[PDB]
Each structure stands twice: as structure tokens, then as C-alpha cells.
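A.B. asks: Below: one structure in C-alpha cells.
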Ligand SMILES: *[C@@H]1O[C@H](CO)[C@@H](O[C@@H]2O[C@H](CO)[C@@H](O[C@@H]3O[C@H](CO[C@H]4O[C@H](CO[C@H]5O[C@H](CO)[C@@H](O)[C@H](O)[C@@H]5O)[C@@H](O)[C@H](O[C@H]5O[C@H](CO)[C@@H](O)[C@H](O)[C@@H]5O)[C@@H]4O)[C@@H](O)[C@H](O[C@H]4O[C@H](CO)[C@@H](O)[C@H](O)[C@@H]4O)[C@@H]3O)[C@H](O)[C@H]2NC(C)=O)[C@H](O)[C@H]1NC(C)=O
Ligand SMILES: *[C@@H]1O[C@H](CO)[C@@H](O[C@@H]2O[C@H](CO)[C@@H](O)[C@H](O)[C@H]2NC(C)=O)[C@H](O)[C@H]1NC(C)=O
Ligand SMILES: *[C@@H]1O[C@H](CO)[C@@H](O[C@@H]2O[C@H](CO)[C@@H](O)[C@H](O)[C@H]2NC(C)=O)[C@H](O)[C@H]1NC(C)=O
Ligand SMILES: *[C@@H]1O[C@H](CO)[C@@H](O[C@@H]2O[C@H](CO)[C@@H](O)[C@H](O)[C@H]2NC(C)=O)[C@H](O)[C@H]1NC(C)=O
Ligand SMILES: *[C@@H]1O[C@H](CO)[C@@H](O[C@@H]2O[C@H](CO)[C@@H](O)[C@H](O)[C@H]2NC(C)=O)[C@H](O)[C@H]1NC(C)=O
Ligand SMILES: *[C@@H]1O[C@H](CO)[C@@H](O)[C@H](O)[C@H]1NC(C)=O
Ligand SMILES: *[C@@H]1O[C@H](CO)[C@@H](O)[C@H](O)[C@H]1NC(C)=O
Ligand SMILES: *[C@@H]1O[C@H](CO)[C@@H](O)[C@H](O)[C@H]1NC(C)=O
Ligand SMILES: *[C@@H]1O[C@H](CO)[C@@H](O)[C@H](O)[C@H]1NC(C)=O
């Protein structure tokens, strides 16, 4: 009968900032920090108690049913995921990044090479570079017709200096529809960009 | 009562040593390991109706061991000699040791499964020493009173 | 208050308590914490079920 | 000190069985429960079960019950324990990273975790990839790698000379059952037409190395 929740899991703070994450559980709760694809490390056990070999900035508040994790004067290596653990129930956690790095994405379009079609495989990609936040709505139009299910999307890690992301969306189409027309566009709307930016290419 | 809105279902032990998966005990020097799987699986969904049956006797098969390592790494290993004749014990069952199976979050179909066995040997003695606490008597008390010690002249 | 306990049999068993002392009121379910599956549950009965081996 | 060393990654076929190992050597191993967690791709951890080192008694949830089987094997004097997970009937949704954690107290706090064992189950055994260039029109340009198995493949430019501005996207598992990715680097627009750029891919499990020039 253990009910637990987690923060909206999308929050951004700059370097040297203070951040708090809240959980609402009804059992012995612990606070773990996990990196990308790494063994998670325990930070706090029993709500507030601090573990040996942990930076002093982490602290815990046990009030009511709410558990608070507070991190002070954030360092660049603390950008990770954090989750609160109860006996056998674990929430996915929260996502961390740096704020105020809003920018218009750089749009790149690359038509499939001629030697790719010789194997009977068609793959069209629209590249997004230097954009923030990560959440971007990428829509594919084949002459103003939405394509669903045939696109694979990935986002690179937050780079060290610019703290910007880059997205790759691959659209897979049949040979018949790609070679029959000329113009194809992958327009993306982003909070960073002020106007719809589209990249084109001339066959020649 | 402790699990209000779920059905209670027993299941046999899921693995481990032979001292865990099978009811282990002793008679006259011979060490018995009884199966006990007919005692420990069933389902109790809602007690919708009372089901009447006929009298039955449950026969649990039992193995017998001689090289006994009672305590895993602290007790001396022992070899129990065979006992001549026929062995017969009549004993009481005054308790059960269960272990709840862990639950998940994505989907709990209102069921809880308890499998017998589990615990260490200490739980066989907590069942007896749960009423008792040892205390130390402090028989020296100090309280104010209107009496004063007669000072000698 | 007592000077010392009742008779305690050192009988050793694994899945079912044998030769024990019956509960007085009813079935009593005892565990260190009932919301921690790593903790064993002791169900102590108020009426014996003889086992004949 | 504690050294919860875990075995390496495993790749098998659906319907097979994989035994994931875990080794503990640097403490009083008999007094702490060893739990097993699994992590789906890009998802939070998930409970699998705990095993008592003294008696070997496991405990698994409903969905995992019947398939998974946790086991331990002690040394001659219990100074070194080995913990194994036999996961019978490997189905599609079993591609996950597996951790052997060590419970420390009654709060279920795990101070020590294992390194991890990536277990993936599918057909299409190890094979060479297909490399596709991107025709150029500061800007960015790169190569694409397709239909390789299994991970990983690394793309290097100019034979281990250029690594600035590289954006190697994480690989994606398509419906076919193979792996693909695209690696692009930034380069000034004046360098195009004057510099020769090559992308080199090394696929150790398939022992295939492919270097391809990118030209307009
Ligand atoms: C198995 O393990 C689990 C742990 O995993 C364990 O769970 C504990 O269970 C006990 C009892 O079931 C819990 O204790 C109770 O906690 C109640 C809530 O405590 C909170 O609220 C206190 C008051 O805050 C008021 O205001 C807030 C909003 O601000 C509101 O939400 C609250 O409801 C409340 O109205 C607060 O003081 C308390 O803080 C605790 O911790 C701090 C730091 O450790 C300490 O300084 C405090 O003094 C306090 O202990 C917490 O924030 C609480 O209301 C309740 O109090 C009743 O009993 C006392 C004593 O009888 C009376 O004086 C009081 O008037 C109430 O009648 C009681 O304290 C405990 O919180 C659980 N722990 C966890 C982690 O979940 C199980 O018990 C275990 N099972 C077994 C069998 O052992
Ligand atoms: C206790 O007895 C039961 C049967 O009453 C055993 O359960 C069988 O175990 C075998 C071993 O693989 C299975 O093939 C059977 O399907 C099981 N069920 C039946 C009805 O036979 C159980 O294994 C015994 N206990 C131990 C520890 O062996
Ligand atoms: C097994 O249980 C039975 C019944 O619970 C016991 O029989 C009674 O035990 C009490 C002990 O409190 C005696 O006072 C009674 O005289 C016994 N007989 C009856 C008819 O009540 C029996 O003693 C138990 N066996 C052991 C070895 O303890
Ligand atoms: C042992 O304890 C059980 C409680 O679990 C008793 O069962 C109750 O018996 C009364 C008899 O008046 C019934 O009215 C209740 O409905 C029973 N409870 C349940 C949950 O079935 C039982 O009587 C006790 N036996 C002895 C000898 O003390
Ligand atoms: C314990 O078991 C023994 C033998 O298994 C029982 O003694 C036999 O009980 C049966 C029951 O029908 C009789 O037919 C036999 O005549 C008895 N003697 C022999 C030598 O077999 C004994 O009664 C059992 N005890 C209890 C309390 O059930
Ligand atoms: C602590 O938790 C409370 C909820 O009880 C929340 O309102 C608050 O923002 C958290 N942080 C601080 C610093 O109080
Ligand atoms: C739980 O069981 C009680 C008694 O059987 C019943 O009244 C109640 O509706 C059930 N459900 C909940 C959520 O309490
Ligand atoms: C009890 O035994 C098995 C144990 O798994 C269970 O599946 C079955 O439904 C029950 N009854 C019989 C007769 O086996
Ligand atoms: C002893 O021998 C058994 C069977 O030959 C084997 O399983 C075990 O690993 C050996 N070593 C120890 C320490 O038991």
C-alpha cells in the first residue's frame, strides 16, 4: 500500500545554484544519484541523514509526508538524475540541466546518397544542432503529409561549454515516394527560434 | 486485517537450501526433511461460499539425512548414526514461519503470496522469549521528608 | 514480575514451530515490520494441529 | 574494499537462457542481503529480487516468478561469494542493465552497487555494418553507420586526427533488429573542397574496420 510520487522531472538551474526536489512517500525513503548509464550512488538514507564520502551540499528535510532533497551551490558535475527510493518501489527520477541557454536551433538537411538507393534503402534525415531545451516537436511532411512511426529520434548529451543539445531525426520512406518528387522539408518549431527555420538543398 | 483489500494465497517455497525448502526436524537422532507442499498452496478469493468436503489425511513424503550441517558456518558438521528399529514421533504444530513475496508497482492484481520457511534459527526462540524482559533493581531511593537527623551534642 | 521463565524447549525446526506454547487469545501475526518483505512473519496459533511422523 | 564485481555483457537469442554473475569479496558477506535490480533502456530501476547469503532463499515479485532464479555459491570459508541470476525464457522486453546491489540496513539503503551487465536478446548475430556518406552542399557534415551488431562502433575522422565538434548520436535499435547511428562534425565552409575527410568505423565483435572518404 506504499504510494510515492516524484517532481515533474524537468528543471534547470545554473552553476552555483540551490535546487530542491520533493517526494511524497509513506515509508523509509532514500535519495540516490545516478549518472548516464552508471551504477547509482546513495546520497541520503532515512530522509535526511548524510552518507560518508558525500559532498556536504546535499541535505534532507523530513516534514509531514514530504521529503525534500536540497543541493546547494551546484557544480557542473552534479548534472545527473536523482530519485527517491522506498523498499521496493522506485520512481524514474528527475532530470537536471542548466537554464537560460535559450537559442535558435541550427537546421541541417541531408538527402540520401546515390549509393544508398542502389541497395534499395531510403533514409531521409533532418539534423538539429545547438538547441535548448531538449523537448522539441519534430514533424515530417511528405508534401504536407504527416509521417508517423517511420521516424527515429535521438538527442545528444549536453556539451561541456555551450551547454546546448543536438537532435537527429531519421525518417524512413519507401523508394517510390522519395524519387518521384523533388522538394522535401523537415520544419521544426522550437521555443528558442523566433521564426520557422527550414533548410533546403538544390540537386546539382 | 493487515492486508485489507487483497486475496491471500499460499505457495510452496521457491528455492534455497534443503533446510529451507523442506520442513526439517529431528526424531531420536534421525534428521527428517519433509516436503510439505500440500499444506501450503491454496487461494482465498472472497469466501463466497462454504465448501464442504470429506475427511482426508495429508501424507507428506520425507527424506532422511545423516551428514548434518545444522548451522551453516558456525556449528560443527555432524554425522548422525542410524537408529535401529522403527521411528515414530507425535508432535504439535504451534506456529508457522511465512515470508511475504515482494510486490510491484505497475500492476498488483489484489493478491499477496506467502511462502513458508525463511528466517534464521533465532526466530524459533523469539516465539518463546517475546513476553520477557530483564530489568535491574535500583533499591536506593531519595525523597524529601520533614525528619532531621538527631545531631549529637 | 517473575524470577525466571517457564519451560523452553530448544527444539530446532525450520518451517513449522514444534512442541511450542499455544497463544491465549487468538492467532497472532508478529513481524518487525509488516511492510518490509525482508522481515519474516511469525504466525502463532491458539490451537495445535498434531503432525504424526 | 567491498568490490561487487559484475560479469560482462551478454547477447543471446529469444527463448535462450543467460546467467549473469556477481562477485563479493571484501566484507562480512553473510550478514547483508543481496538484491538484484534491472534498468530498461532510458527508464528507472526495477526490482527483481533479493537472496539471503546464509540460506540462499530467494524472493521475487509476481511477474518475475517462475522465470528468474537467483543463486549463490560460497567459497571454502565463505570469504568470497558469487551470486548468479538465471533468467529463463528471455523475451523481447528483457534488454536491460542488471545490477547486484547490497542492502545495508533496515532502511533498504544500498551503499554499494555492481558495475552492471548489459543483457540483450535477439536474432541477427554479429555482422559487418554498412557505411553511408553524406554529400556536402561554418557548417556540419558526417557519416552514417547502419546494420551492425552488436554494440559498439566508434567513428573517427582523419584516422584519429580530428575530434573537435563531433556529435556522435546514441545508437537506435530499429524494427529490423540491427543497430544504426550518424556521426557528424562541424567544419568551416572554406575547408570544403580543399580538405580530405575520412570516417573510420571499428566494429570489434564483428572484426570489421571500414574507412570511407566523404566528397561532394
Ligand atoms: C515500519 O517502518 C516504517 C518506516 O518506513 C514506519 O513508519 C513510521 O510510522 C510511524 C507511526 O506509524 C510514524 O510516526 C508518526 O508520524 C506522524 C507524521 O509525522 C510527521 O508529522 C509530524 C507532525 O507534523 C504535522 O504537520 C505536518 C505538516 O507540516 C502534517 O503533514 C502531519 O500530518 C502533522 O499533522 C512531524 O512532527 C513528523 O516529524 C517527525 O520526524 C522529525 C525528524 O525525525 C522529528 O523531529 C519529529 O518529532 C517527528 O518525530 C513528521 O513530519 C505523526 O503525526 C505521528 O505522531 C502521532 O504519535 C505521536 C506519539 O504517539 C503523538 O504525539 C502525535 O500527536 C500523533 O498522535 C507519528 O509520530 C513515522 O513517521 C513513520 N516513519 C516513516 C519513515 O514513514 C513504521 O512505523 C514501521 N512499522 C512498525 C510496526 O514499526
Ligand atoms: C515436494 O513435492 C512436490 C510435489 O508434490 C515437488 O514438486 C514437483 O517438483 C518437480 C521437480 O522439478 C516438478 O517436475 C514437478 O512439476 C513438481 N510438481 C509435482 C506435482 O510433481 C517438489 O519439488 C518437492 N520438493 C522438493 C524440495 O523437491
Ligand atoms: C500438544 O497439544 C495438546 C493440545 O493442545 C496438549 O494436550 C494438552 O496439553 C496441556 C498443556 O497445557 C495439558 O494441560 C493437557 O492435559 C493436555 N491434554 C488435553 C486433553 O488438553 C499436549 O500436551 C501437547 N503436546 C506437547 C508435547 O506439548
Ligand atoms: C482461536 O482463535 C480464533 C481466532 O482466529 C478463534 O476463532 C473465533 O472463534 C469464535 C468463537 O466464539 C468465533 O465467534 C469467531 O468467529 C472466530 N474467529 C474467526 C476469525 O474465525 C477460536 O475460537 C480460538 N480458539 C480457541 C480454542 O481459543
Ligand atoms: C501415527 O502413526 C502410526 C502409524 O503410522 C499410528 O499407528 C497406527 O494408526 C493406524 C490408524 O488407522 C492404525 O490402523 C494402526 O493399527 C496403528 N498402529 C500401527 C502399528 O500401524 C498412530 O496412531 C499415529 N498417531 C496419531 C496421533 O495419528
Ligand atoms: C520542503 O517541502 C515542502 C513540502 O512539505 C515544500 O513546500 C517546500 O518547498 C520544500 N522546500 C523547502 C525549502 O521548504
Ligand atoms: C476493502 O474492503 C472493505 C471490506 O471488505 C470494503 O468495504 C472496501 O470497499 C474495500 N475497498 C477499499 C478501497 O477499502
Ligand atoms: C497446489 O500445488 C501447485 C503448486 O504450484 C498449484 O499450482 C496447484 O494449483 C495446487 N493444487 C494441486 C493439486 O497441485
Ligand atoms: C566441493 O565439492 C563439490 C562437489 O564435488 C563442489 O560442488 C564444491 O564446489 C567443492 N568445493 C566446496 C568449497 O564445497
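A.B. asks: If eta is 1.567 mPa s and T is 4 °C, what Stokes-Einstein diffusion coefficient results for chain B, Kirkwood Rh from Cα pairs, in µm²/s?
C.D. replies: 62 µm²/s
A.B. asks: Would you please give the FRET efficiency between residue A:75 and residue B:105, computed as 1/(1 + (r/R0)^6) with r the Cβ-Cβ distance and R0 = 25 Å, to the nearest 0.05?
C.D. replies: Efficiency, from the Cβ-Cβ distance: 0.15.
A.B. asks: If r is the Cβ-Cβ distance from residue B:53 to residue C:23 and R0 is 30 Å, what FRET efficiency results, to the nearest 0.05?
C.D. replies: 0.65
A.B. asks: In addition: Need one number: % antiparallel among DSSP beta bridges in chain D, to the nearest 5.
C.D. replies: Bridges in chain D that DSSP calls antiparallel: roughly 95 percent.
A.B. asks: Quick one: grab Rg to one decimal and Dmax as a whole number for the stretch D:130-214, Cα atoms only, in Å.
C.D. replies: 13.0, 40
A.B. asks: Summarise the partner chain shielding of A:32-41 as one whole number: the mean count of Cβ atoms from other chains within 10 Å of each residue's Cβ.
C.D. replies: The shielding value for this peptide is 5.
A.B. asks: On average, how many beta carbons from a partner chain sit within 10 Å of the beta carbon of a residue in D:98-105?
C.D. replies: That works out to 2 on average.
A.B. asks: Over the residues of chain D, compute the C-alpha Rg and express it relative to 2.2 N^0.38 Å.
C.D. replies: Normalised by 2.2 N^0.38 Å, the Cα Rg of chain D equals 1.32.
A.B. asks: Need the C-alpha centroid separation for the stretch B:3-51 versus the stretch A:40-103, integer Å.
C.D. replies: 42 Å
A.B. asks: Also: Compute the distance from the alpha-carbon center of the stretch D:122-164 to that of the stretch B:103-153, in whole Å.
C.D. replies: 67 Å
A.B. asks: Pull out a ≥ b ≥ c, the square roots of the eigenvalues of the alpha-carbon gyration tensor of chain A, then state rounded if a/c is under 1.5, prolate if not and a/b is larger than b/c, and oblate in the remaining case.
C.D. replies: Prolate, since a/c reaches 1.5 and a/b exceeds b/c.
A.B. asks: Can I ask one more? With both partners inside the protein assembly as shown, how many of the DSSP beta bridges are antiparallel, as a percent to the nearest 5?
C.D. replies: 95 percent
A.B. asks: Something else: Measure out, as a whole number of angstrom, how far apart the alpha-carbon centroids of the stretch D:188-212 and chain C sit.
C.D. replies: Each part's Cα centre sits 73 Å from the other's.
A.B. asks: Rounded, prolate or oblate: pick one for the stretch D:4-121, where a ≥ b ≥ c are the square roots of the eigenvalues of its C-alpha gyration tensor, a/c under 1.5 means rounded, and failing that, prolate if a/b is larger than b/c, else oblate.
C.D. replies: Note, shape of the stretch D:4-121 comes out prolate.
A.B. asks: On to the next question. Taking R0 as 35 Å, what's the FRET efficiency between residue B:42 and residue D:124 from their Cβ-Cβ distance, rounded to 0.05?
C.D. replies: 0.15
A.B. asks: Mean projection of the alpha-carbon convex hull of the protein assembly as shown over all orientations, in nm²?
C.D. replies: 48.1 nm²
A.B. asks: Quick check on the exposure proxy: order A:132, B:79 from fewest to most C-beta atoms within 10 angstrom.
C.D. replies: With the fewest neighbours first, A:132, B:79 line up as B:79, A:132.
A.B. asks: How would A:148, C:21, A:169 line up from fewest to most surrounding beta-carbon atoms within 10 angstrom?
C.D. replies: A:148, C:21, A:169
A.B. asks: Pick from A:61, A:100, A:52: which is most flexible by mean-square fluctuation in a GNM of chain A where alpha carbon atoms under 10 Å apart are linked?
C.D. replies: Judging by the Gaussian network model, the answer is A:52.
A.B. asks: State whether chain C is rounded, prolate or oblate according to the following rule on the C-alpha gyration tensor (a ≥ b ≥ c being the square roots of its eigenvalues): a/c under 1.5 gives rounded; otherwise a/b larger than b/c gives prolate, and the remaining case gives oblate.
C.D. replies: In terms of gyration-tensor shape, oblate.
A.B. asks: Among A:94, B:48, which comes first, second and so on when ranked by fewest other beta-carbon atoms within 10 Å?
C.D. replies: Ranking A:94, B:48 by Cβ neighbours within 10 Å, fewest first, gives B:48, A:94.
A.B. asks: Using only atoms on other chains, find how many Cβ atoms lie within 10 Å of each Cβ of peptide C:28-37 and report the average.
C.D. replies: Average per residue, whole number: 6.
A.B. asks: Could you grab the relative contact order for chain A? Cα pairs under 8 Å, six or more apart, rounded to a whole percent.
C.D. replies: Relative contact order for chain A comes out at 18 percent.
Throughout, read-outs are computed from the coordinates displayed, never taken from laboratory work. All Cβ positions, even for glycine, are placed from backbone atoms using ideal geometry, and neighbour counts span all protein chains on display.
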